[PDB]
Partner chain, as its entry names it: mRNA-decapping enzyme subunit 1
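Starting off, we have a lone chain in the form deposited without its partner chain, written out as structure tokens.
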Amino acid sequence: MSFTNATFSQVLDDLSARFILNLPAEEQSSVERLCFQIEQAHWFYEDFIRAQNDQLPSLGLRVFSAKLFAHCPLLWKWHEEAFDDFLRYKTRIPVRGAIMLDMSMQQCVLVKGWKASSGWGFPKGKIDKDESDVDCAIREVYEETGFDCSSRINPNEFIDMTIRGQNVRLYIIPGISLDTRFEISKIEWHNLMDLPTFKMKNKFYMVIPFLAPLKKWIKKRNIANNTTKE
């Protein structure tokens, strides 16, 4: 409805009224139904509301659920274990990976699978059991591209964000030779200018969200490589 001039608090109140207070009155105290409504309202926020806006934080079910509870008194009161059981397993699971740049920082390594909706994206995926954020990035990169970026990954150099409620953190690693060797169908360098939103386009949807902060990193990198301080 409408479009977007809601200031976060406004949105939580709207979601409280459309999904919770709306429920059939006999279902208003049902644990299984409240959770179904909390998770429908979390999708509605991540897929639709955040589309009409942009400066809303995507959260994933953990945080969004707390913020709703403190905004909907009905939801507050209505068995605490089963509600934790609901958030433990409906955790959307954090992704770590890497954006490998070519030296001039004009090209990056993209990957593409054997699956039907194809598309190109940065090598990355879901973190493991007892695995470090850095370990996940190294592992996903080496499994997908066959490059061991162990000697040049930097923990402090990354774009971290939430997308559709999944935290994604890609480590940005520049200076990877253009003669590097490289399940996976294709591994290729792509020119950042050629990518959808940097300066068909449906091939590159898994990439676009990171182009704005990536480009900002690059700008900063080239300024810092060329300054003296004074």
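Definition used throughout: the rigid core is the maximal C-alpha set that superposes within 1.5 Å between two forms. Positions refer to the first chain, counted from 1.
What follows is about the form deposited with its partner chain bound, which we do not show.
K.L.:
In the deposited complex, does each of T145, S150 and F182 have a heavy atom within 4.5 Å of its partner chain?
P.N.:
Result no, not one residue of the spot touches its partner chain.
K.L.:
Indicate whether its partner chain has at least one heavy atom within 4.5 Å of a heavy atom of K219 in the deposited complex.
P.N.:
No, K219 is distant from the partner.
K.L.:
So in the deposited complex, is its partner chain close enough to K215 to count as touching (4.5 Å, heavy atoms)?
P.N.:
No - in the deposited complex, heavy atoms of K215 and its partner chain never come within 4.5 Å of each other.
K.L.:
Quick one: does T197 come within 4.5 Å of its partner chain in the deposited complex, counting heavy atoms only?
P.N.:
Close contact is absent here: in the deposited complex, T197 is far from its partner chain, nothing within 4.5 Å, heavy atoms only.
K.L.:
Answer yes if any heavy atom of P73 is within 4.5 Å of a heavy atom of its partner chain in the deposited complex; otherwise answer no.
P.N.:
Result yes; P73 sits at the interface with its partner chain in the deposited complex.
K.L.:
With the rigid core superposed, which of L192, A41, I176, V168 has its C-alpha shift by 2 Å or more between the shown form and the other one?
P.N.:
So the only displaced C-alpha belongs to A41.
K.L.:
Core-aligned, is the CA shift for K126 between the shown form and the other one 2 angstroms or more?
P.N.:
Superposed on the core, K126 moves its C-alpha less than 2 Å between the shown form and the other one.
K.L.:
Would the C-alpha of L12 be classed as shifted by 2 Å or more between the shown form and the other one after rigid-core alignment?
P.N.:
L12: C-alpha displaced by 2 Å or more between the shown form and the other one.
K.L.:
Comparing between the shown form and the other one on the rigid core: C-alpha of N154 shifted by 2 Å or more?
P.N.:
The answer is no, as the C-alpha of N154 shifts between the shown form and the other one by less than 2 Å after core alignment.
K.L.:
Relative to what we see here, could you say if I163 and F64 have their Cα atoms closer or farther apart in the deposited complex, with a change of 3 Å or more?
P.N.:
Relative to the displayed form, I163 and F64 move farther apart in the deposited complex - a change of at least 3 Å between their C-alphas.
K.L.:
Taking the cut-off of 3 Å or more as given, in which direction does the distance between the C-alpha atoms of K90 and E131 change in the deposited complex, closer or farther?
P.N.:
They are closer; the C-alpha distance drops by 3 Å or more in the deposited complex.
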